[PDB]
Every structure is written in structure tokens, then in C-alpha cells.
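Below: the structure, in C-alpha cells.
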2 protein chains.
Amino acid sequence: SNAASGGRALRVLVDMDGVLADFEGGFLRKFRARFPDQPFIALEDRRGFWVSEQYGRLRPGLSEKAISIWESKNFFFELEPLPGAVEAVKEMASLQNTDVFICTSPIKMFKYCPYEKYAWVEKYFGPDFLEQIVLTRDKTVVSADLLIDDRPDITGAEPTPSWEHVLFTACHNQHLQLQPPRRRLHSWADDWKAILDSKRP
Amino acid sequence: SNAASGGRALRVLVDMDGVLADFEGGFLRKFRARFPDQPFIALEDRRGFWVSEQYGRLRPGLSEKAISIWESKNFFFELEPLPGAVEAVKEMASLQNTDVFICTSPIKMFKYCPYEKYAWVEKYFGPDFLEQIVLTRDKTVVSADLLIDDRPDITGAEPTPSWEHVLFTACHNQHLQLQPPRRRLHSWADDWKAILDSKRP
Ligand SMILES: Cc1cn([C@H]2C[C@H]3O[C@](c4ccc(I)cc4)(P(=O)(O)O)OC[C@H]3O2)c(=O)[nH]c1=O
Ligand SMILES: Cc1cn([C@H]2C[C@H]3O[C@](c4ccc(I)cc4)(P(=O)(O)O)OC[C@H]3O2)c(=O)[nH]c1=O
Ligand SMILES: [Mg+2]
Ligand SMILES: [Mg+2]
């Protein structure tokens with residue numbers, strides 16, 4: 001909830017794909033369904049952030065097939081929420097002196113993706129939560145105290161972002177050793193409130 | 001253009017509606033076309049930021065008719081660029097040590113608007129410029145040196161935004177007296193480079 005007028009609430013940016021919405025599991029399900037005769041990558045075997053790069057190493061042409069999954073209508077809209085994500089963000093947004101924004105990057109093909117990201121937020125958090133969405137390719141220009149995001153290295157135009165990046169565990173980053181003092185949130189079952197409280201005055 | 005790796009480019013947020021895209025003129029044209037039997041507000045007579053509030057004072061029910069214009073498919077997409085806007089932003093983006101983002105707020109009804117804002121940017125600035133778009137209801141959480149925006153009072157979750165707000169003149173704000181030392185850009189013919197240079201070290 002917002003701080004009193006003029007006051008300064010803790011500000012938390014919560015990523016969408018891989019944090020709120022199960023991009024990797026959705027991707028694999030639809031890839032298997034659409035391309036049953038191709039090899040796939042089990043979630044346990046995912047390595048590197050970019051799904052299509054691993055698929056391309058698997059077999060010539062599989063990268064383009066992978067891309068066609070997320071370019072398709074209803075791919076973003078039909079992603080399942082991660083366990084605990086909706087409940088946690090609803091709780092988080094209800095906390096005193098706490099402003100939560102959902103901060104997400106749309107893909108390059110923009111016909112469906114931005115629209116469906118709005119629709120997905122509406123479906124799970126309600127119409128009033130649409131006020132909290134920020135779409136950007138560059139999260140470094142968004143100022144906050146915390147950014148909870150599955151992408152290990154987040155860089156952009158601002159060489160010194162204001163947020164602390166808390167790495168949200170995902171199949172593709174779960175084996176990564178991080179530079180101290182970088183922190184992880186394992187899942188939404190993990191103690192996200194402690195992380196927030198550690199940033200409060 | 002981006003600063004050298006690690007370096008810090010001047011960062012300019014450029015608003016879309018009323019700065020790049022002629023929302024007010026588009027609105028009036030389509031309102032007149034759709035509702036030829038209703039009274040309208042000449043651009044010279046626009047007062048207050050919110051178009052629908054003035055229309056509602058004009059006649060009971062006109063507010064809802066006004067809203068239906070911008071909720072319609074192709075309203076955002078078919079807006080004409082303001083004179084000089086495309087040329088200026090292209091020049092601006094080519095300047096050394098200068099990062100330009102188009103920062104826009106989508107309307108509440110999200111079926112068309114975000115999509116069409118991406119499409120409009122693609123149409124006028126090209127596909128690579130899509131990397132520069134930030135969609136947000138709250139521009140105070142976007143960090144930059146400058147925000148060129150027609151809306152007179154821009155507030156939100158960050159009580160002390162990092163940008164200087166330069167008011168871009170529009171039919172609805174052209175008579176407003178501003179608090180010193182607040183600055184205006186009259187139009188894209190006006191000397192926007194001087195404004196930028198005044199923020200450079
Ligand atoms: C968010 C995300 C996206 N992707 C896919 C989606 C598509 O997203 C992108 C992408 C998405 C956002 C950014 I910033 C940069 C690149 P595309 O360039 O827009 O198509 O990168 C190539 C593709 O990789 C992934 O494989 N894993 C992810 O976690
Ligand atoms: C950008 C802009 C929007 N509007 C119209 C558009 C629609 O935009 C909104 C609007 C848009 C952005 C914000 I932040 C807050 C409100 P809507 O609540 O999304 O429908 O406000 C009511 C309407 O007013 C205007 O009348 N003038 C403007 O310059
Ligand atoms: Mg992510
Ligand atoms: Mg505007």
C-alpha cells in the first residue's frame with residue numbers, strides 16, 4: 001500500500017516471466033504438443049537463459065520452432081502462475097509502506113504479447129492492479145529498492161541501478177554460483193518478507 | 001547513442017500522446033466524424049488536461065461519447081505525428097552520449113492501446129526503436145535526466161523523481177503559468193537541443 005502523501009514506500013519490482021508466470025513449463029508443454037516428433041529439453045536439463053539457444057544446439061532448425069511457440073497467440077495469456085506467486089504478490093501489495101510494480105519485458109513480436117500480459121495481470125490480480133504494470137526492455141531505468149527477477153545478469157542504459165537484484169530461482173539458473181553479496185529467492189514459498197524487511201529503514 | 005561501456009549517457013524520456021502523437025487533433029477529428037450532431041470543443045478552447053471532463057461539462061452524456069473515441073480500434077494507431085516530432089526524436093537518438101526512451105501511459109482499456117502504441121513507434125521510427133519504449137502508468141518510477149511531457153502535474157509513487165519535467169506545450173496547457181524554475185518546450189521547432197545541453201556535465 002502507498003505511503004502517506006509525500007512519504008516514501010519501499011518499492012519492489014516483480015518480474016513476470018519466470019517469477020509470476022511459468023514461461024519455461026508453458027513453453028515445454030506447447031512445444032511438445034505442437035512438435036511431437038522433435039527432441040525437447042527437460043526442465044531439469046535447461047542451461048543458459050535463452051531457451052532458443054539451447055534448442056538450436058540440440059538440432060539445426062529447432063531454434064525457429066521454439067520461437068514460434070512464444071510468437072503464437074495465447075502463449076503469454078495461457079501461462080500458469082508459479083505456485084504461490086499470486087498469493088505472495090497480493091500479500092506484498094497489501095503491506096504498509098510497500099509499492100509493488102510488475103516489471104516485464106515484452107518480446108520483439110508485439111502483436112499479442114503486451115496485450116496478453118495486461119490480460120493475464122487482470123485475470124489474476126484484478127483490474128485495479130493494471131496501474132502497477134511497467135513494460136520495458138530495459139529494467140535498469142526503472143528505480144526501486146528491489147528487483148525480483150530470474151534473469152541472472154540484468155544490464156542496460158543505467159550503469160548503477162537503484163534496485164538490489166534478488167535472483168529468483170528458475171530451472172535455467174538453479175546451478176549458478178553468484179557473486180557475493182548477491183541474494184536468491186528460491187521460490188515464493190521462500191521468505192520473501194525477510195528480504196523486503198532488510199531494505200526498510 | 002549509448003555511452004561507452006560502463007559510461008553514463010544523458011537520458012531523455014519523451015512522452016507519446018501530446019508530444020509525439022496528436023491525441024487532441026485525432027480525438028476531435030474522429031469525435032466530429034462519429035458524432036456530427038453533438039457540440040464539440042475547438043482545440044483553441046480546450047481547458048484542463050482531461051478531454052472527457054470538459055466534454056461532460058458541455059452536455060450530459062458527452063463524456064461517455066468522448067471515451068468511446070479513444071477506446072476504439074485504430075484510434076492510437078492512426079494518430080498523426082506532431083510536426084517535427086519524428087525528425088527531432090530521430091536526431092536526438094543519434095546524438096553522442098544520449099539515450100532516448102519513449103515513455104507512455106496506456107489507457108485502462110488495454111485491448112488495442114498498448115499494441116497500437118508499439119505499432120505506431122515501429123511505423124515512424126523503425127523496428128529497432130521498439131527497444132526504447134517504456135509503458136507505465138507512473139512515470140515517476142522511471143529514472144532519467146529529462147522528461148518532455150504535456151501533462152502539467154506528474155506525480156506518482158516516487159516523491160522525488162530524478163528527471164526534470166519540461167512541459168511540452170499543448171492546446172490544453174498553453175495558458176498555464178508554471179512555478180519557476182519550471183521550463184517549457186513550445187513545440188519540436190523550439191530549441192530542444194539547448195534544453196538537453198543544459199543538463200550535460
Ligand atoms: C523472457 C524470456 C524470453 N525468452 C525468449 C523469448 C524471446 O524474448 C527475447 C527477448 C525478450 C526480452 C529482451 I530485454 C531481450 C530479448 P526477443 O528478442 O524479444 O524475441 O529474446 C529471444 C527470445 O527468448 C527466453 O528464452 N527466456 C526468457 O526468460
Ligand atoms: C493521455 C491522455 C488521456 N486522456 C483520456 C484518455 C483516458 O486516459 C485515462 C488515463 C490515462 C493514463 C493515466 I496515468 C491515467 C488516466 P484512462 O483512465 O486510462 O482511460 O484517463 C481517462 C481518459 O482521459 C486525455 O484526455 N488526455 C490525455 O492526454
Ligand atoms: Mg523473467
Ligand atoms: Mg502526453
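Ligands are numbered from 1 in the order shown, chains are lettered A, B, ... in the order of the C-alpha cells, and residues start at 1 in each chain.
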Show which residues sit within 10 Å of stretch 90-92 of chain B, as a PyMOL selection string. Count only C-alpha atoms, and ignore same-chain residues fewer than 5 positions away. chain B and resi 1+12+85+98-100+124-125+129+192-193+196
Just N, CA, C and O atoms for this one: save the residues we selected as a tab-separated table (two decimals), in the first residue's frame.
```tsv
chain	number	residue	atom	x	y	z
B	1	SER	N	22.71	8.09	-28.92
B	1	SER	CA	23.51	6.87	-28.95
B	1	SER	C	24.07	6.56	-27.57
B	1	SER	O	24.37	7.47	-26.80
B	12	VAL	N	16.86	10.80	-21.75
B	12	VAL	CA	15.71	11.68	-22.01
B	12	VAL	C	14.48	10.82	-22.21
B	12	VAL	O	14.46	9.92	-23.11
B	85	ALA	N	8.14	16.10	-34.77
B	85	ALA	CA	8.39	15.18	-33.64
B	85	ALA	C	9.32	14.02	-34.09
B	85	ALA	O	10.28	13.67	-33.39
B	98	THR	N	23.67	10.04	-25.51
B	98	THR	CA	22.24	10.40	-25.39
B	98	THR	C	21.35	9.19	-25.59
B	98	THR	O	21.30	8.64	-26.68
B	99	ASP	N	20.60	8.84	-24.54
B	99	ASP	CA	19.69	7.67	-24.60
B	99	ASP	C	18.28	8.19	-24.50
B	99	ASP	O	17.91	8.83	-23.55
B	100	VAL	N	17.52	7.92	-25.51
B	100	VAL	CA	16.14	8.36	-25.60
B	100	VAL	C	15.20	7.19	-25.39
B	100	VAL	O	15.31	6.17	-26.14
B	124	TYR	N	6.85	4.76	-37.44
B	124	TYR	CA	7.62	6.02	-37.58
B	124	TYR	C	9.12	6.03	-37.28
B	124	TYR	O	9.85	6.89	-37.81
B	125	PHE	N	9.60	5.10	-36.47
B	125	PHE	CA	10.98	5.07	-36.03
B	125	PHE	C	11.70	3.80	-36.39
B	125	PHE	O	12.90	3.70	-36.27
B	129	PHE	N	13.80	0.70	-32.88
B	129	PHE	CA	13.35	1.69	-31.88
B	129	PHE	C	12.39	1.12	-30.87
B	129	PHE	O	12.13	1.72	-29.83
B	192	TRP	N	15.04	22.29	-28.57
B	192	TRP	CA	15.16	21.17	-27.67
B	192	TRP	C	16.63	20.82	-27.42
B	192	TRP	O	17.03	20.36	-26.32
B	193	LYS	N	17.52	21.06	-28.39
B	193	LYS	CA	18.91	20.69	-28.09
B	193	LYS	C	19.54	21.50	-26.93
B	193	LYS	O	20.40	20.98	-26.14
B	196	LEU	N	18.56	19.94	-23.69
B	196	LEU	CA	19.40	18.80	-23.37
B	196	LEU	C	20.79	19.20	-22.92
B	196	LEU	O	21.35	18.66	-21.98
```
Could you work out which residues of chain A fall inside 6 Å of chain B? Count only C-alpha atoms, and format the result as a PyMOL selection string. chain A and resi 6+131+134-137+141-143+159
Suppose we keep N, CA and C atoms; can you now write the selection as a PDB file, in the first residue's frame?
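File part12.pdb, as written:
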```
ATOM      1  N   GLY A   6       3.396  12.371   0.096  1.00  0.00           N
ATOM      2  CA  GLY A   6       4.787  12.842   0.172  1.00  0.00           C
ATOM      3  C   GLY A   6       5.784  11.812   0.684  1.00  0.00           C
ATOM      4  N   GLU A 131      -2.684  -0.755 -12.892  1.00  0.00           N
ATOM      5  CA  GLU A 131      -1.985   0.507 -12.618  1.00  0.00           C
ATOM      6  C   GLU A 131      -0.503   0.233 -12.275  1.00  0.00           C
ATOM      7  N   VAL A 134       4.651  -2.153 -15.474  1.00  0.00           N
ATOM      8  CA  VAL A 134       5.631  -1.439 -16.268  1.00  0.00           C
ATOM      9  C   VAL A 134       6.188  -2.394 -17.311  1.00  0.00           C
ATOM     10  N   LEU A 135       6.014  -2.029 -18.593  1.00  0.00           N
ATOM     11  CA  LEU A 135       6.640  -2.786 -19.691  1.00  0.00           C
ATOM     12  C   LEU A 135       7.847  -2.082 -20.200  1.00  0.00           C
ATOM     13  N   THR A 136       8.984  -2.759 -20.214  1.00  0.00           N
ATOM     14  CA  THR A 136      10.249  -2.155 -20.652  1.00  0.00           C
ATOM     15  C   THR A 136      11.213  -3.231 -21.068  1.00  0.00           C
ATOM     16  N   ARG A 137      12.020  -2.933 -22.091  1.00  0.00           N
ATOM     17  CA  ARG A 137      13.144  -3.766 -22.457  1.00  0.00           C
ATOM     18  C   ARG A 137      14.363  -3.550 -21.557  1.00  0.00           C
ATOM     19  N   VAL A 141      16.477   1.299 -16.031  1.00  0.00           N
ATOM     20  CA  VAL A 141      15.932   2.680 -15.967  1.00  0.00           C
ATOM     21  C   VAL A 141      14.693   2.798 -15.084  1.00  0.00           C
ATOM     22  N   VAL A 142      14.281   1.685 -14.481  1.00  0.00           N
ATOM     23  CA  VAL A 142      13.159   1.680 -13.534  1.00  0.00           C
ATOM     24  C   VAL A 142      13.779   1.709 -12.112  1.00  0.00           C
ATOM     25  N   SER A 143      13.403   2.722 -11.319  1.00  0.00           N
ATOM     26  CA  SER A 143      14.002   2.896  -9.998  1.00  0.00           C
ATOM     27  C   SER A 143      13.136   2.233  -8.949  1.00  0.00           C
ATOM     28  N   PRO A 159      24.095   2.493 -15.627  1.00  0.00           N
ATOM     29  CA  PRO A 159      25.170   1.571 -15.174  1.00  0.00           C
ATOM     30  C   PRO A 159      25.096   1.251 -13.684  1.00  0.00           C
TER      31      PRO A 159
END
```
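For stretch 88-130 of chain A, backbone-based DSSP labels the following residues as strand (DSSP E): residues 98, 99, 100, 101, 102, 103 and 104 of chain A.
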Contacts of ligand 3, 7 Å or closer, only C-alpha atoms and all ligand atoms, given as a list in words: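 I would give the residues around ligand 3 as residues 15, 16, 17, 18, 19, 149, 150 and 151 of chain A.
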Just to confirm, what's the straight-line distance from atom CA of residue A:88 to atom CA of residue A:154 in Å (one decimal)?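 The value is 23.2 Å.
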Excluding residue B:41 and residues on its chain fewer than 6 positions from it, collect all residues at most 12 Å away from it, counting only C-alpha atoms, and give them as a VMD selection string. chain B and resid 24 to 25 27 to 29 31 to 32 47 to 48 51 to 59 62 66 171 to 172
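Among the candidates B:74, B:169, B:97, B:174, the residue lying nearest to ligand 4 is B:169 (atoms considered: only C-alpha atoms and all ligand atoms).
With only C-alpha atoms and all ligand atoms as the basis for measurement, B:104 is the residue among B:72, B:94, B:104, B:198 that approaches ligand 4 most closely.
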For atom CA of residue B:186 and atom CA of residue B:121, determine how far apart the two atoms are, in Å to one decimal place.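 Calculated distance between atom CA of residue B:186 and atom CA of residue B:121 is 22.4 Å.
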Counting only C-alpha atoms and all ligand atoms, which residue out of A:120, A:75, A:35, A:70 sits closest to ligand 1? A:70
Name the residues of chain A that come out as helix (DSSP H, G or I) in a backbone DSSP run; write them as a PyMOL selection string. chain A and resi 23-34+43-45+51-58+62-70+85-94+113-125+127-132+139-141+192-197
Residue B:81 environment, 8 Å, only C-alpha atoms, sequence neighbours closer than 3 positions dropped, as a ChimeraX atom specification: /B:20-22,85-86
Next, dump the selected residues to file, keeping only N, CA, C and O atoms, as a PDB file, in the first residue's frame.
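Result written to part.pdb:
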```pdb
ATOM      1  N   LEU B  20       4.607  13.329 -29.225  1.00  0.00           N
ATOM      2  CA  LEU B  20       4.880  12.705 -30.481  1.00  0.00           C
ATOM      3  C   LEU B  20       3.628  12.557 -31.362  1.00  0.00           C
ATOM      4  O   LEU B  20       3.744  12.746 -32.570  1.00  0.00           O
ATOM      5  N   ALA B  21       2.533  12.134 -30.758  1.00  0.00           N
ATOM      6  CA  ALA B  21       1.299  11.743 -31.468  1.00  0.00           C
ATOM      7  C   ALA B  21       0.251  12.782 -31.131  1.00  0.00           C
ATOM      8  O   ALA B  21       0.086  13.127 -29.964  1.00  0.00           O
ATOM      9  N   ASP B  22      -0.489  13.216 -32.131  1.00  0.00           N
ATOM     10  CA  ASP B  22      -1.509  14.273 -31.946  1.00  0.00           C
ATOM     11  C   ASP B  22      -2.844  13.636 -31.484  1.00  0.00           C
ATOM     12  O   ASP B  22      -3.779  13.479 -32.244  1.00  0.00           O
ATOM     13  N   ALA B  85       8.145  16.097 -34.769  1.00  0.00           N
ATOM     14  CA  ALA B  85       8.392  15.182 -33.636  1.00  0.00           C
ATOM     15  C   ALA B  85       9.320  14.020 -34.086  1.00  0.00           C
ATOM     16  O   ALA B  85      10.280  13.666 -33.386  1.00  0.00           O
ATOM     17  N   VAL B  86       8.950  13.384 -35.186  1.00  0.00           N
ATOM     18  CA  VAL B  86       9.744  12.255 -35.680  1.00  0.00           C
ATOM     19  C   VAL B  86      11.170  12.649 -36.022  1.00  0.00           C
ATOM     20  O   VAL B  86      12.128  11.990 -35.596  1.00  0.00           O
TER      21      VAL B  86
END
```
